[PDB]
Amino acid sequence: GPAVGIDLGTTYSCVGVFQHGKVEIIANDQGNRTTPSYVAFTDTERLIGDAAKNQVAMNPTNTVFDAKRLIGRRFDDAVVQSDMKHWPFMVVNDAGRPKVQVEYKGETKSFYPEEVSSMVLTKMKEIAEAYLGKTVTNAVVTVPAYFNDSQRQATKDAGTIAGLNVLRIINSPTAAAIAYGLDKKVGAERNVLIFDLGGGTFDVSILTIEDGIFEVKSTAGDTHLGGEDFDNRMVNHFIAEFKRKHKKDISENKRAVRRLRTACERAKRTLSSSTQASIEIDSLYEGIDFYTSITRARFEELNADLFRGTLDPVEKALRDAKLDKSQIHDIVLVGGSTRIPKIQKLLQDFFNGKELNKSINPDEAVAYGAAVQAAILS
Ligand SMILES: Nc1ncnc2c1ncn2[C@@H]1O[C@H](COP(=O)(O)OP(=O)(O)O)[C@@H](O)[C@H]1O
Ligand SMILES: [Mg+2]
């Protein structure tokens, strides 16, 4: 069985396999090339991936996500403390270790963050195995560059309990670089900038590659800035619109809002290729159908400050690395949010027209690289 590369993401995960000199990013049951890092517990079953996310509005307290933010940390971590105040699921202390508490089959159960991730990892494994038609054991899993030893350990453990023999844990920026073959020895030092704007995290990393050896010169970003924030801006915009037209503030109905958000995330994606998308939601509030639309122009303006602010961390990364804008040789786009045209324009204008590397879907870049690395390692 060939080794696979797995991108264990904060919001979405992806798995790819190197086969016959080519890397294939594997699609799941629903045909998606990335699957949400969601796990849901109901009266009758345990849902993972699309099935889990597809019922979040209906089962909020028992639908777990953002496990990557918990993994490898302590309950006392100020991060954990700050974060938990935003999740609809319970997090409890267990001898210093945080645990997610849910109700599975009427019985109350709690899980260590590594167990939730192992569930997502299991899903990826099934996906690869269904595709390959054979058992998958060896794997290369990615982790952010800033993950400490504990977090790396936990990620490794999540792998082992999923029945995966984790060959190596590599940083995602390095994985992105390898996908573009930027590790090929050219007899010279190379500076690369990884711009990773994902579902909920923003990471900028500057790598220096010499003789086939990576060196993370600097990193910057925002652990709480991703595609979700753009979705919210759309949500708030439409709540205001619904109220003007119907005089009904749907803010309190957690379901109506969550449904609108799902509709927005979908419209958002369409806006990356089309200039406008329609929002068709039957019975949003009471029995009122919400039928409307947004233009790319309006979308961009609703997130103007967020998009623009994206550059500040880029400047920081440069100065920490002691490099000038002209000294970086390659710029690679990672993360689903980098498919947004306004983000690409903005980064390019900043780097004075420099060509951006983005022939490989940004949300599949990390998986692609890990698959290549898995291959060389096995
Ligand atoms: N075409 C698109 N335009 C904008 N956002 C997109 C597009 N395709 C996927 N996304 C977004 O990218 C995020 C997923 O990013 P991804 O890199 O897959 O995740 P992660 O951050 O979990 O590694 C979500 O916010 C999703 O809405
Ligand atoms: Mg990612």
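Using the authors' numbering, read the sequence shown as starting at 4 and increasing by one per residue.
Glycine included, each C-beta is placed from N, C-alpha and C at the ideal position.
Check                                                                                                                                                                             : Outcome
Is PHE198 near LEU350, with beta carbons less than 8 Å apart?                                                                                                                     : yes
Below 8 Å on the Cβ atoms is my contact criterion, and I expect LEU135 with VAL20 to pass it. Report the Cβ-Cβ distance as a whole number of Å.                                   : 7 Å
What's the call for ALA307, buried or exposed, on a 16-neighbour Cβ count within 10 Å?                                                                                            : exposed
Considering only DSSP beta bridges, list what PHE114 is partnered with.                                                                                                           : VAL103
Does at least one heavy atom of ligand 2 sit under 7 Å from the Cβ of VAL146?                                                                                                     : no
For the region 206-239, which segments carrying the beta strand (DSSP E) assignment without a break, of at least 3 residues, lie completely within its bounds, in sequence order? : 216-225
Between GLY203 and ligand 2, is there a pair consisting of the residue's CB and a ligand heavy atom that are separated by less than 7 Å?                                          : no
Please return the same chain residues whose Cβ sits closer than 6 Å to the Cβ of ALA266, not counting the five positions on each side in sequence.                                : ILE282 and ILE284
Looking only at its chain, what residues have a beta carbon closer than 6 Å to the beta carbon of residue 2, apart from the 5 residues adjacent to it on each side?               : Residue coverage of the chain in this structure runs from 4 to 381, which leaves residue 2 outside it and unanswerable.
Take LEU359 and list the residues in its own chain whose beta-carbon comes closer than 7 Å to its own, dropping the five residues that flank it on each side.                     : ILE334, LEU336, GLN347, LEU350 and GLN351
Is there contact between the region 207-223 and the region 175-194, where contact requires at least three CB pairs shorter than 8 Å?                                              : yes
When you measure from the CB of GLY290 to every non-hydrogen atom of ligand 2, does any distance come out below 7 Å?                                                              : no
Can you tell me where the beta strand (DSSP E) holding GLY372 begins and where it ends?                                                                                           : Note, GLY372: premise wrong, no beta strand (DSSP E); alpha helix (DSSP H) at 368-380.
Could you check if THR47 is buried or exposed, using at least 16 other CB atoms within 10 Å of its CB as the buried criterion?                                                    : exposed
How many whole angstroms separate the CB atoms of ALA70 and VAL119, which I take to be in contact at a CB cut-off of 8 Å?                                                         : 4 Å
Please state if the CB of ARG236 and the CB of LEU305 are separated by a distance shorter than 8 Å.                                                                               : yes
Looking at ligand 2, does it come within less than 7 Å of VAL369, judged from the CB to the closest heavy atom?                                                                   : yes
Under the rule that 16 or more other beta-carbon atoms within 10 Å means buried, what is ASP366, buried or exposed?                                                               : buried
Using DSSP's beta-bridge definition, name the partner residues of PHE198.                                                                                                         : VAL207 and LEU336
What's the gap between the Cα of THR64 and the Cα of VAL105?                                                                                                                      : 7 Å
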